[PDB]
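Numbered from 1 within each chain, the chains take letters A, B, ... in sequence-line order.
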Amino acid sequence: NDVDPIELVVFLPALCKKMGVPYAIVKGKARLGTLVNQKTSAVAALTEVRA
Amino acid sequence: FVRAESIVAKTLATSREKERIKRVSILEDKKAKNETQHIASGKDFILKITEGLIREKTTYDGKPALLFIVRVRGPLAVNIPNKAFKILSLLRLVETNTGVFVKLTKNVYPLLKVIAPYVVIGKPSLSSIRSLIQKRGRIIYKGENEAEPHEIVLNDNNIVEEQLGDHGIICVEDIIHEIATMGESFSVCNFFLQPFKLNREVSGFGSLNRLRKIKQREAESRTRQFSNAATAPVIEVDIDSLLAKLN
Amino acid sequence: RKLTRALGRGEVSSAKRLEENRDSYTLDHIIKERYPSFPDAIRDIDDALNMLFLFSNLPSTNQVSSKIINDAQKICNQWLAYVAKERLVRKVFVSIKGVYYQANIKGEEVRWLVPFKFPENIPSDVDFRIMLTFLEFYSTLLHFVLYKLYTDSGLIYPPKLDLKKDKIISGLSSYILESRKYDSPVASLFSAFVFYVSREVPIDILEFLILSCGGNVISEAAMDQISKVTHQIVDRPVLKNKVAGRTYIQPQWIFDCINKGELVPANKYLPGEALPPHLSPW
Amino acid sequence: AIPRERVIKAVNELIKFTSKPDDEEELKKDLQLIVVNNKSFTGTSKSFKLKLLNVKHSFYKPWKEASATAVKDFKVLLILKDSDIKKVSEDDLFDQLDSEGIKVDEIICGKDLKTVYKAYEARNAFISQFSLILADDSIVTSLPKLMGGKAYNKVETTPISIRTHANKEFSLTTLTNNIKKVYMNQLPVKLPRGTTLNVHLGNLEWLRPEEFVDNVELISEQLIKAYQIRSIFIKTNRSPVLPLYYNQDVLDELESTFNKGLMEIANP
Amino acid sequence: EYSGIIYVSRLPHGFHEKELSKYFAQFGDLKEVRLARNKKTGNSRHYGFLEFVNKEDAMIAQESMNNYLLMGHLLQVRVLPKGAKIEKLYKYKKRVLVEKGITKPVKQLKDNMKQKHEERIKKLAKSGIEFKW
RNA sequence: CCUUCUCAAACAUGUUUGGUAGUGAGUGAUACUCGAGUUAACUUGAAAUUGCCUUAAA
């Protein structure tokens, strides 16, 4: 949610809704960065999961 | 505030601990009756774990042995059941980082089976015993001019002579000999001595100390295991290395 | 700071690698700067010996660690083993505070104090950080001094220890000193004498004194873990049956013989008699 | 034990009963043995371990050969120790069971039950597709919590304990011999806490009436010595029972170390 | 409208009467906490009811725990309408079995089973079953 | 926001014996022994509206 400039992700919820993809807005690009071994991350995605 | 996940986790872990104690108690009752058609195993096993770790499972010979027992923190989210708490209180191990000496016999073995996941059990060498007594030795002493006794370090051989002279214990060296050889008045000397208050292997919450805590928890998880099998062997570890780290 | 960052981010393996890839300071250049002369180092190691023998008898606490205590114990054992093997002790005095030793090291007299093996209480009123800084400096200095002394005597430093011997009794007997006539009368004292030390007698003190003034020691306390005996060192009010060929003496005979230099007669030291006063050699 | 002509006539009549002219056309052809006992087989304690009865004729091999024309084919599941799962493979069983045609379709361990099949729906979907489940006797005591309670409501999904270790080490030879012995000679039967025992003999299309008679006679002869049974019947789905045995005289049976350890560890 | 009664469902295994009371006492005083259990075995049916002294406290508990994810269970909390008291929710324990008395004598029970055998013979004769005895 | 009895002994790689008490709800037919104990098999997202010890510490 804390992405500056906000235009980078301001279209993402509408795109996810139109494509029928479940999305969630979360607090912390730093939290997503810890998820992906970076300082910050604007987005994260799960595509393939184990059984 | 208290969270429902913590409540449910504690309930489930306590239920599993109660079930384990129930099965151990049933097996020990049937073994004591010793006329039971149905049973899993009918003897005692000691699993020595040493150092990439090697494990040796042996039949308990039955000859009385000497053990050192250290009270460690138990399984996560487990409230200690009444029987285990009673055995720990009778052994004077109600708090962690505390150690005592134990005379291992066939009657002692089921108690260790009951209190397995809260203690670490080892065979103390003579050097470790001497280090423990001559480094951390305390007694409850009531002076002639003092109404209420207070705990002091075992500094006087005269106090030992006046408290255990009828049995024939003169000095701290005599106490060490009695504890090591498990002779007569072994219980008298053992309970004359207070339980030993060790110190934590890792203390502090800086970055280095938290890394040491993570390594210690990894090593303890690798070494000690919670069998929950009601016929599990008693785990015996390198108490010399443990006491070197804790003393 | 970087380790804190890795732990906060949850990179445990990265934190472990950071901890492995670190270098710590050493005090060897400071030692060589402050003591350009080995005689100066020998003249100054007395305070180092006192501090190390004090810290080797402390229990482990939150401020003082088992690693530091064990290192102090190791270096004290190495010093005691060197002194006992080279047979250099000259004066001994058992005061109520502890045992004072004076030994002739490299033509200089070194006096230090060894406390008894009892649980001394920590006052919680002292500056342990300052004392541990002094202890680190003293440990470095005495490591340098012990290395030089072992090399000049033609011995391997650091000496190895026997594991089962250390498991039996953890003293100076653990470290065996390997290579690659002494001065009479103190070094030659107690030669061809085997002392059966009783249990109540302080084994570390008696063994160090006898081995420095060479003799054989048989410890009664060593038989717990599991002939040539001329003397038996005992201290008890009433003693049981005695070997006819064995002379039964009290521990003060050893101290008085060492302080006199000449062999004091053993008649004046019996388990059921009064003892002569233990005078200070100084 | 059982009169030969009597049991042959009973088998012939019951196999005639099916061919008079969903699951209706398929379930009514399975033969069942009923054992009525004076007392409970197990006692006052529940049992999940299936008793094994040895017969002359193979049973699962006709099941495999007749499963070719069924919606749910015959399958075998093997459960081994987590520490011994790496010591075997599908080829390590194929090279030893290619002569006998015994195929082990799936080999798992306890880790798979704990992680992959933890969910109830996934666990049911995985378990329900197997017809013969075998497990190592070491891990077989933890299976009531791993496989769940639904897997013990049928004899085919209930695990069978087999001896896999010889000289206290994983012996592939002993494992293969026990697998072959279970597949060829022995059949399971669940001992209940009641007095009625149901034995699934198989399907009429699988085997001939002579083989059925031989197998049921051997089963009766083995189970007569096991307990003090009272009555024996043979039935099929949607059909009544036929008696085959009757005995009378068996009916007349109807009418502190813990504190010592505490004392030893206590001072007073 | 709304009462002070809360219906909870999709409970995990460890959630029982005492656990529910301990958790929701933080939200408010509880008049009665009950949990549906199986009659023959002491196992929960994973749903229960609670009663609050304050209906506003019950509404707060509902809007706080309505879709809480707990150990893979998405808990469901509803406010029961005005009235509709909770009733007939017994705390069953694990039932045990024991052999009862057998008052029929040996002769009578043997006669009863012989008559049952004769009845089976008559049934086989009736159903067109050609078998001996 | 925890994580599940991972086996023993007897005899000569083999034979015998002991060791295994489960998520819930529902459908169902069919027989057996005294409201009890047993009995073919089908469904389901982990499904659900009421059977009277404290250094895993701040």
In the 5'-to-3' direction, what one-character label does each nucleotide of nucleotides 18-25 of chain F receive under the scheme B = base within less than 4.0 Å of a protein heavy atom, S = sugar-phosphate only, - = no such atom?
-> BBBSBBSS
With a non-hydrogen cut-off below 4.0 angstrom, is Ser6(B) in contact with a base, only sugar-phosphate, or nothing?
-> sugar-phosphate
Taking only residues at least two apart or on different chains, which pairs with a member in residues 137-159 of chain D satisfy ring-ring contact (aromatic ring centres under 6.0 Å, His included)?
-> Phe48(D)-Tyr152(D)
Might you confirm whether atom NZ of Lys110(E) has over 12 heavy atoms from other residues, nucleotides or ligands at distances under 6.0 Å?
-> yes
If you look at every strand shown and take non-hydrogen atoms under 4.0 Å, does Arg16(B) touch a base, only sugar-phosphate, or nothing?
-> base
Mind checking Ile102(E) for me? I need base, sugar-phosphate or nothing, with any heavy atom below 4.0 Å counting as a touch.
-> sugar-phosphate
Please give, in whole Å, the distance from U3(F) P to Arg20(B) CZ?
-> 15 Å
Roughly, in whole Å, what's the span from CD1 in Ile86(E) to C1' in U50(F)?
-> 8 Å
Per-nucleotide protein contact string for nucleotides 53-58 of chain F, where B marks a base within reach and S marks sugar-phosphate only (heavy atoms under 4.0 Å, - for neither) | BBBBB-
Any side-chain N or O of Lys168(D) under 4.0 Å from OP1/OP2 of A9(F)?
-> yes
Give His200(D) one of three labels, base, sugar-phosphate or nothing, depending on what nucleic acid heavy atoms sit under 4.0 Å from its own.
-> sugar-phosphate
Within the pair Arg163(D) and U15(F), is there a side-chain N or O less than 4.0 Å away from OP1 or OP2?
-> yes
Evaluate the criterion side-chain contact (heavy atoms from CB on, under 4.5 Å) for residue pair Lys213(B) and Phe205(B); output intermediate values, then yes/no.
-> CA-CA 9 Å; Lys213(B) 275 174 171 59; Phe205(B) 293 103; 3.7 Å; yes
From the list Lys81(D), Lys87(D), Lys86(D), side-chain hydrogen bond (donor to acceptor under 3.5 Å, both in side chains) partner of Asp84(D) resolves to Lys87(D)
Check whether any side-chain nitrogen or oxygen of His73(E) sits under 4.0 Å from OP1 or OP2 of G45(F), and answer yes or no.
-> no
Looking for any heavy atom pair under 4.0 Å, which part of the strands does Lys116(E) touch: base, sugar-phosphate only, or nothing?
-> sugar-phosphate
Would you indicate what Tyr92(E) reaches in the nucleic acid, counting non-hydrogen atoms under 4.0 angstrom: base, sugar-phosphate, or nothing?
-> base
Residue mapping more 5' on RNA chain F - nearest nucleotide basis, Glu99(E) or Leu80(E) | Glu99(E)
Residue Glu25(D) excluded, over 12 heavy atoms near CD under 6.0 Å = yes
CD of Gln222(D) versus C1' of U16(F): gap in Å, rounded?
-> 13 Å
Among residues two or more places apart or on two chains, list those pairs meeting ring-ring contact (aromatic ring centres under 6.0 Å, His included) that have a residue in residues 68-96 of chain E.
-> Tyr90(E)-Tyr92(E)
State which of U15(F), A41(F), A36(F) makes the closest approach to the side chain of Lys181(D).
-> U15(F)
Do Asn228(B) side-chain and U4(F) base share a donor-acceptor contact under 3.5 Å?
-> no
Kindly state which residues belonging to residues 31-44 of chain D come within less than 4.0 angstrom of RNA chain F, counting heavy atoms of the residue only, listed by number.
-> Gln32(D), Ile34(D), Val36(D)
Hey, which of these two, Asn178(D) or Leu74(E), hits RNA chain F nearer its 5' end, going by closest nucleotide?
-> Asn178(D)
Considering just the side-chain nitrogens and oxygens of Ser239(D), establish if one lies under 4.0 Å of OP1 or OP2 belonging to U30(F).
-> no
Have a look at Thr14(B) and say if it touches a base, only the backbone sugar-phosphate, or nothing, with a 4.0 Å heavy-atom cut-off.
-> nothing
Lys154(D) NZ to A40(F) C1': how many Å, rounded?
-> 9 Å
Check whether the six-membered base rings of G14(F) and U15(F) have centres under 5.5 Å apart and planes under 30 degrees from each other.
-> yes
Give me the ring orientation class for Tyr227(D) and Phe41(D): parallel if the planes are under 30° apart, tilted from 30 to 60°, perpendicular past 60°.
-> perpendicular
From NZ of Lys235(D) across to P of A41(F) the rounded distance in Å is 12 Å
Heavy atoms under 4.0 Å, any strand shown: does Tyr47(E) hit a base, just sugar-phosphate, or nothing?
-> sugar-phosphate
Report yes if at least one side-chain N or O of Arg95(E) is closer than 4.0 Å to OP1 or OP2 of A36(F); otherwise report no.
-> yes
Are the six-membered base rings of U43(F) and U44(F) centred less than 5.5 Å apart, with their planes inclined by less than 30 degrees?
-> yes
Do neighbours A25(F) and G26(F) have base six-rings closer than 5.5 Å at the centres and tilted less than 30° apart?
-> yes
Touch check for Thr11(B), heavy atoms < 4.0 angstrom, all strands: base, sugar-phosphate only, or nothing?
-> nothing
Should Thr173(D) be listed as having a side-chain N or O under 4.0 Å from OP1 or OP2 of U13(F)?
-> yes
When you check the phosphate oxygens OP1 and OP2 of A31(F), does a side-chain N or O of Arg120(E) lie under 4.0 Å from one of them?
-> no
How close or far is atom P of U6(F) from atom NZ of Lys57(B), stated in whole angstroms?
-> 10 Å
Among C5(F), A31(F), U33(F), which nucleotide sits nearest the side chain of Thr195(D)?
-> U33(F)
May I ask you to say whether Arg34(E) pairs ionically with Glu17(E), meaning some side-chain N is under 4.0 Å from a carboxylate O?
-> no
Send over the distance from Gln76(E) CD to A48(F) P, rounded to a whole Å.
-> 8 Å
Paired runs of 3 or more consecutive Watson-Crick or G-U pairs involving RNA chain F, with both pairing distances under 3.5 Å, are F:24-27 with F:41-44, F:31-33 with F:36-38
Here the distance between atom P of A46(F) and atom CG of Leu69(E), to the nearest Å, is 14 Å
